[PDB]
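The chain below stands alone and is given in structure tokens; this is the form deposited in one PDB entry.
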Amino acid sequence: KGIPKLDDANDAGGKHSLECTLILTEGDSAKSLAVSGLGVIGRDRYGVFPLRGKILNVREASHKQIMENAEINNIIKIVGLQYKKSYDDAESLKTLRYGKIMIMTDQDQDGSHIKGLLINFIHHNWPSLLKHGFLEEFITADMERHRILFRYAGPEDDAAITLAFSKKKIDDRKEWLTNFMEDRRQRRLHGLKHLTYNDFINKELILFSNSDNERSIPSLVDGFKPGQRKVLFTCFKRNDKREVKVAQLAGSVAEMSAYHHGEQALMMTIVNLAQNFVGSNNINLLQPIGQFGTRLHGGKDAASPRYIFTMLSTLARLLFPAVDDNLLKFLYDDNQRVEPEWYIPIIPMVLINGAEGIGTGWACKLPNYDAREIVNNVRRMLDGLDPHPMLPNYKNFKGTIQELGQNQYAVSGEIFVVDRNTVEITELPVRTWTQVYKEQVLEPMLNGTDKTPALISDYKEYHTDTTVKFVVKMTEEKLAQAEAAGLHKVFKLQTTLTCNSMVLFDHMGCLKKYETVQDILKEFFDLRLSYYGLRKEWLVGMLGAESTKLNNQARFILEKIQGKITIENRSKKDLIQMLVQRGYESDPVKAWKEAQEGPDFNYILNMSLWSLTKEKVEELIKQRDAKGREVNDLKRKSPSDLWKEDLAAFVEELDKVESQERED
């Protein structure tokens, strides 16, 4: 007692304790449905207590963490659990205020994950309790066919719980999930009350684990996770010419693209897409209009999403050309068409902004690469040559990145000895934030700590919001020692960067590990090249259909102004039959679109009466002719040519955009 949000059971703590159920709900809303579902009657045997958000994995959480956790302590107090005390006999169980815990989560994967973390919590502290049948679940009277009993049934349950939640079973989880993904491919080519913990883990929780990967680990093809892809898709559909509140953009994405989660995560994703400070995006697809955070705090200083604004970068449709949309496979969420399975950008975006995310079994980490360097390599491969090797590269980073080994790099800031008493620091290594360096490095150097001596006499700061300048004073003696020991080393201006986890989803939807970024580059290249061929086939078909369509329209207009044909007072039916008999083609553009998965002459008869006038007749001829020349000008271009055009246009604008950024 004395715990808020708890609706303790009436008979709890008394002689009916072991016949009392604590209902633990995912969220306050689920709690209040449990409350109205009990009525007056249920309050004797049933208590209810909400949890907000994911809970601690206690199995390898530190002791400070476990002792300080609100939720876990609240559950312990409410139920009467005691650490170390096993529940073997029946005199033990007389110490509990409740006899059962009934977990009521959303019937979604994240719901399953909470069920799992709760199960994990009991199993790790009181495994004996699991055997007595302590845990139940409420799936969403009928109210008894909704209840399911978790059954312990031997040591294959201890193995399954540990497979999901032990820091020592990461490799096991990879195998586990590899088997799962392999099975579900096989099932895709063909077709399609007690619950053991093993069956829960291996038939329900694994769906969360998989979904966690699908949402946290990006695609090779466009560098996007599904949430980020929804943000772009929504922005492309909107086509905003002026900025939008981020919070408002989030609701739009939720609605236009069937995003089924809390909008806060969306707003945060949008902020992460727009950020443009040293160590975030080499090319932000979204414009950071307002305070989106700075290198002073790693963006942690962004303003609230209801006071910041964004819109597409002019580089966005240059990187993801609208016409290629006709080539994408757009997904469906209950009969609404949403974002595509991936976009197909002109260079590999996954390398530019350096994908990163954490799933189950695997994680992704990729550093940034230089956009012009990637353009040049793509041009090289278009020439049949081999791509040059690429080092990680961060836009506006003044330091150095040197190869140390396979997928390992030294990232160094800049420190120059000015006089015998003064060093100057003008760059921090990538992802070292200014405030953090000040507090964790320079302060301890000025003040000493309990464990370290002072090393400097003073420091002064001269940063701008995008640059770094520390002026540090020392004694001639201490500077001399610092040099001998290595300035970057002493000043923590040198960090390593290790990339042995380049895990991405390939274009088929398969999770692969890539050993080098040249492998990533080459797989991207082969795919993008074939999509340029698909674009050509599509444009020839479409432009050809438009040519035909203009020819028929222009022929009618001429046949009309010469008295060769009349529609005046002719009936619909006779007009159609006259047109057929004179070899006018049914809507060619519609016919073409149709052949991509009664005769229609509306493209002709929907023309305005203006069409018959002198200038409009001339203008219609010039357009008919111009389309013909446009069909042919396209046929003369190779997929390589089309690509090289896109790349040239992109670089022109990239130069202009980066130039305006250095002035502003």
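Residue indices: 1-based, along the sequence shown. Rigid core: the largest C-alpha set superposing within 1.5 Å between the two forms.
Just so it is clear, the following notes concern the form deposited in another entry, a form of the same protein that is not shown.
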Superpose on the rigid core and name the single residue from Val468, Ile101, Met349, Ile520 whose Cα moves by 2 angstroms or more between this form and the one not shown.
-> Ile101
Aligning on the rigid core, do we see the C-alpha of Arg52 shift 2 angstroms or more between this form and the one not shown?
-> yes
Relative to the superposed rigid core, does the CA atom of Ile567 travel 2 Å or more between this form and the one not shown?
-> yes
With both forms fit on the core, has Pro155 moved 2 Å or more by CA between this form and the one not shown?
-> yes
Given that the CA-CA distance for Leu527 and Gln186 shifts by 3 Å or more in the other form, does it become closer or farther?
-> closer
